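Below you'll find the sequence and an experimental structure to go with it.
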Amino acid sequence: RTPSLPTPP
Amino acid sequence: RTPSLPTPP
Amino acid sequence: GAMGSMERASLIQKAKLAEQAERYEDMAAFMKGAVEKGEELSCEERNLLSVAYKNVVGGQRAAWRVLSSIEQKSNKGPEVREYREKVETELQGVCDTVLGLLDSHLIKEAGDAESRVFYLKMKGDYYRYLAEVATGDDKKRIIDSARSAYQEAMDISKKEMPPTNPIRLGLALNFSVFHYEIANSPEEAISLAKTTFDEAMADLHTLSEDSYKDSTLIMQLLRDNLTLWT
Amino acid sequence: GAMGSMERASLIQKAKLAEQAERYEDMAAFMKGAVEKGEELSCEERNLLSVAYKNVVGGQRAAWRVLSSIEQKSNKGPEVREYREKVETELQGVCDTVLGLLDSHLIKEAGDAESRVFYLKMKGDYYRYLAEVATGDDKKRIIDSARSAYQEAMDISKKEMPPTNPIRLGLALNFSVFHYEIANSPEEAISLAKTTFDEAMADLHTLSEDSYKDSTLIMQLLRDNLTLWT
Ligand SMILES: *Cc1ccc(-n2ccnc2-c2ccc(CC)cc2)cc1Br
Ligand SMILES: *Cc1ccc(-n2ccnc2-c2ccc(CC)cc2)cc1Br
């Protein structure tokens, strides 16, 4: 599936 | 700590 | 709840410890406890809530996809279906818990654009996760629940936040993924990502170095999706 | 137990699915259910049991070490200690569960050298994990429990298994780590690893290609530890 927003840095 | 046995391949 | 006897500050402290220890189920339980104290969450606390549940549901979704793929290839006995259903039910439970926190009473008490958008984005995301596994009479209503939450978040963000705001950008990213992956609307997905990227690019000149870093990180993820989709 | 109504074969099937899905807590619960059916475990099933619990306790140990380090640096309120204690108790519970399966009744029914050594090695390992977090009146007894299990396993393995047998090699590796990390006996650790390595090297000529691969993988881990320790 397309990547959604990851964890913030 | 020193490495012990890992998971088998 | 089990966290009712622990101080709010101690729950927040332990959530941060749980994050360092990569104990995300514990982190989520601590943050649920903190929400249930009834006070609004700060920016940092909202991020802790989000990280905790994203990690928990992330693992569940990854497991669900593995099992669903095995099940699809099987189409042997009922075990694959049963275990996929077990994971699915647990995932649904976590989503319902998050949605319940948002509804009781995080969203209604959220008056500032930053908080309200953050929570409505979360609401869209967790309905999206429910949509990923939905079949039968309510799937359309689940999809529309996600859409509605995202759309309200988008409307507020466009009026109240700069085009480089990380929450605004993250919302756009996730709503575009909703369009592509859930709503069968790839053109809408692409158009949203492109317009978001371009409007952010035009506003970068206003930012400090640290704000620039955050905005450009998310812009690059928009670009990555555009590359994948085109 | 909660798995009492599920067929043994279905528990084994689901343990394999859980492994593919990286759902190790589920995997362990399925394998506990399978053990509690009362029948001996096959080679493959023993390995499933081991993988499941190794992953579960591995996560707990990693979290414990993170928290213990924060606690050490703190020496603020009781929260770090409390949360370290929470993780510690959960770890101890998992170790006690594994030890309980071994004692009721895996070890006593294990007559073949391969099975008996495997289980006694496990018993040493889980007492070792208890030793890692132990303080107060019983720490010496925990350490001796680990030692005793490992020593019985070593005695059987030396009599009944070739020096290249993977279980024999893995036992030696872990017992040497016990010596170095728990028993304050680095010289014994080094001597065990060296003699194990050398006796395995001398027997490699007897092996097929596939057996050679497995034995040499573990020999390289012995060598790696020797390099770290010298
Ligand atoms: C949905 C969302 C959007 C932005 C953030 N966020 C707050 C502060 N920094 C960020 C952020 C998140 C992701 C990335 C890409 C790696 C950069 C910056 C948090 C959330 Br939950
Ligand atoms: C304790 C132990 C020892 C050996 C195995 N094992 C069985 C079959 N192959 C292996 C094995 C395990 C580890 C490695 C190093 C990567 C190689 C081969 C299983 C256990 Br639980």
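That came through fine. Numbers count the residues shown, from 1 in each chain, chains lettered A, B, ... in the order given. Ligands and ions are numbered 1, 2, ... in the order given.

Based on its surroundings, how many neighbours for residue 1?
Answering for chain A, as no chain was given. Residue A:1: 10 surrounding residues under other CB atoms under 10 Å in any protein chain shown. No exception for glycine: its C-beta is placed from N, CA and C like everyone else's.

Please refer instead to chain C.
Residues lying near residue C:1 (other CB under 10 Å) number 9.

can you check the one 4 residues further on too?
The tally of other residues near residue C:5 (other CB under 10 Å) stands at 8.

What residues does the residue in chain C positioned nearest to chain B make contact with?
As assessed by CB to the nearest CB, chain B sits closest to residue C:21 within chain C, at 16.4 Å. Contacts for residue C:21 (CB atoms under 8 Å, 6 or more residues apart in numbering or on different chains) come out as D:62-63, D:66-67, D:87.

Select the longest helix from chain C.
Counting by DSSP state H, the longest helix found in chain C is helix C:43-74.

Give me the helices and strands touching that one, please.
The contact analysis (3 or more CB pairs under 8 Å, 6 or more residues apart in numbering or on different chains; DSSP states H and E) places helix C:43-74 against helix C:8-20, helix C:24-35, helix C:79-101, helix C:113-132, helix D:8-20.

tilt between that helix and helix D:24-35?
50 degrees (axes from the mean of the first three to the mean of the last three CA atoms, to 10 degrees).

Just the buried residues of helix C:43-74, please?
Across helix C:43-74, burial judged by 16 or more other CB atoms under 10 Å in any protein chain shown covers C:45-46, C:48-57, C:59-61, C:63-68, C:70-71.

Identify whichever of the helices and strands packed on helix C:43-74 lies nearest to chain A.
For chain A, the closest of these is helix C:113-132, at 7.6 Å, according to CB to the nearest CB.

SS state for the residue of chain C most remote from its centre?
Ranked by distance from the centre of chain C (CA atoms, centre = their mean), the top residue is residue C:76, with 36.2 Å. Under DSSP: H, G, I helix; E, B strand; the rest coil, residue C:76 falls in the coil class.

any idea how far it lies from chain A?
Residue C:76 sits 26 Å away from chain A, going by CB to the nearest CB, to the nearest Å.

And for residue C:145?
17 Å.

follow-up on the earlier one: and which of the contacts of residue C:21 is nearest residue C:164?
Proximity of the contacts of residue C:21 to residue C:164 (CB to CB) peaks at residue D:66, which lies at 34.8 Å.

The closest one contacts residue C:19, doesn't it?
No: in this structure residue D:66 lies outside contact range of residue C:19 using CB atoms under 8 Å: 10.1 Å.

OK, now which residue of chain A is nearest to ligand 1?
Closest residue of chain A to ligand 1, CB to the nearest ligand atom: residue A:8 (3.6 Å).

Pretty sure that residue sits against residue C:48.
No: checked against CB under 8 Å, the pair residue A:8 and residue C:48 is beyond contact range at 10.7 Å.

any idea how far residue C:4 is from residue C:30?
According to CB to CB, to the nearest Å, residue C:4 stands 12 Å off from residue C:30.

ok, now which ones touch residue C:113?
With contact set as CB under 8 Å, 6+ apart, residue C:113 has these partners: C:156-157, C:159-161.

wait, residue A:8
Contacts of residue A:8 (CB under 8 Å, 6+ apart): C:47, C:51, C:166.

Now for the last one: which residues touch it?
Taking CB under 8 Å, 6+ apart as the criterion, residue C:166 is in contact with A:8, C:214-215, C:218.

Give the burial count for the spatially closest residue to residue C:122 that is not a sequence neighbour, as a bare number.
Among residues not flanking residue C:122 along the chain, residue C:102 sits closest, at 6.1 Å (CB to CB, 6 or more residues apart in numbering or on different chains). When counting by other CB under 10 Å, one arrives at 20 neighbours for residue C:102.

List the contacts of residue C:102.
C:119, C:122-123, C:126.

Which of the three states applies to residue C:38?
coil.

Just the buried ones from the contacts of residue C:113?
So, by 16+ other CB under 10 Å, the buried ones in the contacts of residue C:113 are C:156-157, C:161.

Between helix C:43-74 and the helix or strand hosting residue C:172, find me the angle.
Secondary structure assigned from DSSP states H and E places residue C:172 in helix C:166-181. Orientation of helix C:166-181 against helix C:43-74 (the same axes, to 10 degrees) gives an angle of 10 degrees.

Compute the inter-axis angle for helix C:166-181 and helix C:113-132.
Using the same axes, to 10 degrees: helix C:166-181 against helix C:113-132 is 20 degrees.

Leaving out chain neighbours, which residue sits closest to the residue of chain A found nearest chain D?
Nearest to chain D, among the residues of chain A, is residue A:1, at 16.4 Å (CB to the nearest CB). Nearest residue to residue A:1, sequence neighbours excluded (CB to CB, 6+ apart): residue C:181, at 5.6 Å.

Check residue C:157 too.
Closest to residue C:157 by CB to CB, 6+ apart is residue C:168, at 4.2 Å.

Would you mind measuring from that neighbour to residue C:203?
In this view, residue C:168 and residue C:203 are 10 Å apart by CB to CB.
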